[PDB]
Amino acid sequence: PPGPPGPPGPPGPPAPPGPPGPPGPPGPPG
Amino acid sequence: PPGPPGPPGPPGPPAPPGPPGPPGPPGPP
Amino acid sequence: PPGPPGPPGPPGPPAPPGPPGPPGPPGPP
């Protein structure tokens, strides 16, 4: 007593919004 | 009773990618 | 009788970084 332990908990939440990516490639010719 | 609470559930799901990165440098002159 | 469900599991994996940015602006004339 109490009794047997309950089931595991639910899946956690997502991690916050991710960082932006790296810079794009160079621009076009002049 | 009730028995004690169960343990923590599993880690959360994968998240979406972050936002696009900054434009790159000016092209060639 | 078995106790209550366990608490929520921890945060998921870090959301990846975003896709690369766009090409830059044209170069000097």
# chains A, B, ... in the order shown; residues from 1 in each chain; ligands from 1
$ residues_around --residues "residue A:18" --least-positions-apart "5" --cutoff "8 Å" --atoms "only C-alpha atoms" --output "list in words"
residues 15, 16, 17, 18 and 19 of chain B; 14, 15, 16, 17 and 18 of chain C
$ residues_around --residues "stretch 21-27 of chain A" --least-positions-apart "4" --cutoff "9 Å" --atoms "only C-alpha atoms" --output "PyMOL selection string"
(chain B and resi 17-28) or (chain C and resi 16-27)
$ atom_distance --atom1 "atom CA of residue C:5" --atom2 "atom CA of residue B:13"
19.1 Å
$ atom_distance --atom1 "atom CA of residue C:2" --atom2 "atom CA of residue A:10"
16.5 Å
$ atom_distance --atom1 "atom CA of residue B:12" --atom2 "atom CA of residue C:8"
8.8 Å
